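Participant: PDB entry and its sequence, pasted below:
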Amino acid sequence: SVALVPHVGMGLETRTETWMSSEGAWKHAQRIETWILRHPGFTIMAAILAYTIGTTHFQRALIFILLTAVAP
Amino acid sequence: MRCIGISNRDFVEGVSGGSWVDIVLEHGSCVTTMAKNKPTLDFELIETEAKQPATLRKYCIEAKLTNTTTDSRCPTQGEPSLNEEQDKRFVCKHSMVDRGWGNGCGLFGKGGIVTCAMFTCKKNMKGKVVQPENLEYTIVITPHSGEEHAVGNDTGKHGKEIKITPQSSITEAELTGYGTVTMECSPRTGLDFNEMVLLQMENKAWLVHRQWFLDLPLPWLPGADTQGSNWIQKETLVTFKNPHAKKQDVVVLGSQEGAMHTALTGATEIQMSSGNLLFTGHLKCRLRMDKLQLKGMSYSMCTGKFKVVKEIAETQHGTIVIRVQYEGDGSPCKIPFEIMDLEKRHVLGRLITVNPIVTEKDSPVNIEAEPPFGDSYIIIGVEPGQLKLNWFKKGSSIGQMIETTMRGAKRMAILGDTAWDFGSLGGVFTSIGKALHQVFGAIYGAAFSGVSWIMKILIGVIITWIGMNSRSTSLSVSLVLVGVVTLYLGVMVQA
Amino acid sequence: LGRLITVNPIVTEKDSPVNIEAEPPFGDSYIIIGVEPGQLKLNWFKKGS
Amino acid sequence: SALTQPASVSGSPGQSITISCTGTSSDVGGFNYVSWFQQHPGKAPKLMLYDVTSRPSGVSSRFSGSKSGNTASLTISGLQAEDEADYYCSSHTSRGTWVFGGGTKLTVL
Amino acid sequence: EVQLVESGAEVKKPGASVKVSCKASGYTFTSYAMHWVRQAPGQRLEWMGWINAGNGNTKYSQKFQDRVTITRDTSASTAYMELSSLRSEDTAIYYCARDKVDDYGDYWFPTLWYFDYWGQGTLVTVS
Ligand SMILES: *[C@@H]1O[C@H](CO)[C@@H](O[C@@H]2O[C@H](CO)[C@@H](O)[C@H](O)[C@H]2NC(C)=O)[C@H](O)[C@H]1NC(C)=O
């Protein structure tokens, strides 16, 4: 809904602080990592699937971070 | 003098070329200008007022659905037809139920059904917009040589209170005792309105992007739409429950207010209640100091025996403040303020309230100054009543050059290309730096916008890693300007 | 810098306004109208161009 | 849906008084169409101001006016004795129609 | 040198249809619109008029769109009001009003000046 597209990458920022910064700056990492610790099997699945495709050793890490980050 | 105690200071110095200097000043930043003559002033932008806005689109937050009714029709002989499907108040939805002999129709197939309920409203928001004329900036100019109890206060007038519009002029500020300062401020290129919508919920207000505000899914209404019945995308605040293949029904989706305060993570909050005041943004200035007096010539030098009533207090990067109080005769007089080393041979460290005087002897005077790194001996008065006070500014080094570098890159992070102000037209360095910074700015923006705090660091690690593995000396091409710069911008955003 | 379009705009019958038209350049330019007292100086910014 | 200029206004000769009128965002709030009509009672109404601040030939430069969003004004600088007539405002909606205000009869003593 | 004279009706009882006329003189009648306003003695100006041209189009008021109708003839250079179903509160002075149509013949946007030149004012009463 409107809780998505949260008006972040607009520019428009000045030295005075925003509406909720220092709270909504670490919400997405906390959200996806409580998702990881409450749904680990998709992270194992993304580890095997990420290790299989993507030959070079950096593509495993990039595809693994992106696959565990798209699924919330 | 309103500038002491504010953690953002930005000392600017140099009236070179003609008699002007470029400064750019924010709301939470009070700027102090120094010169070889031309006494030190303090500039603080206190408010921005947009005068007459006109709303363009009225979204709504919480609604309710009344007069709910439904209508169905037999299989294969067409859609239903409800009488109040003709109003655009009633939100409509066609779907298929299962019908048969038990429902009283025949043919045993999937019928058609329609459902309507009148969509009223309870809570709106107004998106008000302005054009970059008819709005003023209030700016205060407080001179130094502080009288009794005027250091960092905002209550009570101590400086001139000039208003500046895009309709304005030279804007002479006639300071009493001092000269007359003129400011060629440019408010049109300051904050870039016409891409800003002054959003206004129940008792708060923000400053949102225009294209963000138009792409916002809630049932809206045009800003000129009196008798606001025809809500347009009503299907983003209703839902149609058809669980089985039976009777469907409407239920309202609830108040979208708490999901709207989460929509605004990045909108700088403003005040739209008895005035459309803003307290964000900036403007650059052209600060002309061709006519300024020091107020202190034809005041004879003092005859000693001063007395301190507020001690040396280093307020925020070595800009100490003393409040002496004078005892003696010949009360209109300059004071003998000098800062020496141990034995009185060399003068170290400038004075910031240049030429401090005494008026009305039983009233103290504030003296701000800047000591060097190490031992300094603050000296007031003459030899029968000498005050040789000690101060040790906590001895740093070129560490203030590295924190002036970090302050400068910080100001290039908040201000994009206006940050090449605070300089009085170096020319081949200042204008070429501003020009190439506008070229590299518009290839950064509109090719890296929309992403946030995390994704800038991720893409910056991707660009840094690609640069550390390429050939044909494109290593330093993809690190020094797009890698580490996007990590620094990646950590300085969300201010 | 900046071309005038309404060429030599004149005042006739002083108590009647006069409308002037010119082309500012691609940056910000300044609109000088008066001369020594009350030199009616204005700011205008222009995008892209 | 008429404009909201007041009942009446008074002024000594030589003063500089104002006459205000409010409206909505379709009447006055967006458009630069606001006109004023002086109407002596045994006389057809004569227009005093064009679109917002302009002025007909023959009308003296005593009459002026401005707009502040939904509100338009009329300031008569230097009241003489011959301003003893009511002033009707005017506008043009976005809808296409024409509205006039209530009327402010102005006495000079 | 622009003169717009009218004609006055004496007394119309409620129910009868009444029409007034304006003789627009001094300009090209086919390239200027013709508005109609009214004024009761001691009250406002409300707008009755429509938007004439060489075309002959209309735009009536929202209050009494179902009350008035038109006719005109450019050979006589006169525009005619037609107010049928006269009522008790309808005692008012009817003023004539002109403004200029577009150069494309139609009347889409008005000129910035509306009513620079006027009429006389036609009084009707009831009994
Ligand atoms: C900021 O300035 C105001 C204005 O002078 C100071 O308020 C004065 O405080 C003295 C204290 O003795 C009173 O006698 C005055 O009547 C006050 N003046 C007013 C209220 O207008 C205020 O103290 C200053 N603030 C600081 C922190 O020095």
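Facilitator: Perfect, I can see it now. Numbers count the residues shown, from 1 in each chain, chains lettered A, B, ... in the order given.
Participant: Can you tell me the closest non-neighbouring residue to residue 53?
Facilitator: No chain in the question, so chain A it is. The shortest distance from residue A:53 to any non-neighbouring residue, by C-beta to C-beta, 6 or more residues apart in numbering or on different chains, is to residue A:63 (6.9 Å). (Each C-beta comes from the backbone N, C-alpha and C, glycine too.)
Participant: Can you look at chain D instead?
Facilitator: Among residues not flanking residue D:53 along the chain, residue D:65 sits closest, at 5.7 Å (C-beta to C-beta, 6+ apart).
Participant: circling back to that earlier point, how close does the residue nearest to residue A:53 get to chain C?
Facilitator: Relative to chain C, residue A:63 is positioned 40 Å away (C-beta to the nearest C-beta, to the nearest Å).
Participant: that's a strand at that residue, yeah?
Facilitator: No: using DSSP: H, G, I helix; E, B strand; the rest coil, the assignment for residue A:63 is helix, not a strand.
Participant: Show the backbone phi and psi for the residue in chain E positioned nearest to chain B.
Facilitator: Nearest residue of chain E to chain B, counting by C-beta to the nearest C-beta: residue E:62, 13.5 Å away. With angles defined as degrees, to the nearest 10, residue E:62 sits at phi -70, psi -30.
Participant: Distance-wise, check it relative to residue E:90.
Facilitator: Residue E:62 sits 17 Å away from residue E:90, going by C-beta to C-beta, to the nearest Å.
Participant: Name the residue of chain E that lies nearest to chain C.
Facilitator: residue E:112 (12.5 Å).
Participant: Pop out the phi and psi values for residue A:68.
Facilitator: The phi/psi pair for residue A:68 (degrees, to the nearest 10) reads phi -80, psi -10.
Participant: Now for it, how many residues are close by?
Facilitator: 19 (other C-beta atoms under 10 Å in any protein chain shown).
Participant: Which residue comes closest to the residue of chain E closest to chain B once chain neighbours are left out?
Facilitator: Per C-beta to C-beta, 6+ apart, closest to residue E:62 is residue D:97, 6.8 Å.
Participant: Also residue B:95?
Facilitator: In this structure, residue B:95 finds its nearest non-sequential neighbour in residue B:242, 5.3 Å apart by C-beta to C-beta, 6+ apart.
Participant: Report the contact partners of the one you found.
Facilitator: Residue B:242 sits next to B:95, B:97, B:248 when contact means C-beta atoms under 8 Å, 6 or more residues apart in numbering or on different chains.
Participant: cool, and residue B:412?
Facilitator: Counting by C-beta under 8 Å, 6+ apart, residue B:412 touches B:419, B:437.
Participant: which residues touch stretch B:463-482?
Facilitator: Contacts for stretch B:463-482 (C-beta under 8 Å, 6+ apart): A:58, B:440, B:483-484, B:486-487.
Participant: Now intersect the residues you listed with the helices, please.
Facilitator: Using DSSP state H to define helices, the subset of the contacts of stretch B:463-482 located there is A:58, B:440, B:484, B:486-487.
Participant: now, among these, which is nearest to chain D?
Facilitator: residue B:440 (40.4 Å).
Participant: Identify the residue nearest the closest one in space, chain neighbours excluded?
Facilitator: residue B:481 (7.2 Å).
Participant: Could you pull out the strands in chain E for me?
Facilitator: All strands of chain E, identified by DSSP state E, fall at E:3-6, E:21-25, E:32-39, E:46-47, E:68-73, E:78-83, E:93-100, E:122-123.
Participant: about what we covered before: so the residue nearest to residue E:62 makes contact with residue E:65?
Facilitator: No: counting by C-beta atoms under 8 Å, residue D:97 sits too far from residue E:65 to count as a contact (10.8 Å).
Participant: Tell me which of the two has more neighbours.
Facilitator: Taking neighbours as other C-beta under 10 Å, residue D:97 and residue E:65 compare with residue D:97 leading, 18 against 11.
Participant: which ones are touching that one?
Facilitator: Counting by C-beta under 8 Å, 6+ apart, residue D:97 has contacts E:47, E:59, E:61-62.
Participant: Could you name the residue of chain D that is farthest from its center?
Facilitator: Distance from the C-alpha centroid of chain D peaks at residue D:95, with 21.8 Å (C-alpha atoms, centre = their mean).
Participant: how about it, what does it touch?
Facilitator: Shown in contact with residue D:95 (C-beta under 8 Å, 6+ apart): residue D:26.
Participant: Can I get stretch E:45-52 in CSV, CA atoms only?
Facilitator: Written as CSV, here are the backbone C-alpha positions of stretch E:45-52 (Å, rounded to 0.1, in the frame of the first residue of the first chain):
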residue,chain,number,x,y,z
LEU,E,45,-25.9,42.5,-10.1
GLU,E,46,-26.6,38.9,-11.1
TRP,E,47,-25.7,37.7,-14.6
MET,E,48,-28.5,36.6,-16.9
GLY,E,49,-26.6,36.8,-20.2
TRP,E,50,-25.5,34.4,-22.9
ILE,E,51,-22.6,34.4,-25.4
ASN,E,52,-23.6,35.7,-28.8
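Participant: got the residue ranges for the helices in chain B?
Facilitator: Applying DSSP H to chain B gives helices spanning B:210-214, B:258-261, B:399-414, B:430-444, B:455-467, B:484-492.
Participant: any idea how far the residue of chain A found nearest the ligand is from residue B:270?
Facilitator: At 22.5 Å from the ligand, residue A:16 is the closest residue in chain A, using C-beta to the nearest ligand atom. For residue A:16, the distance to residue B:270 (C-beta to C-beta) stands at 10 Å.
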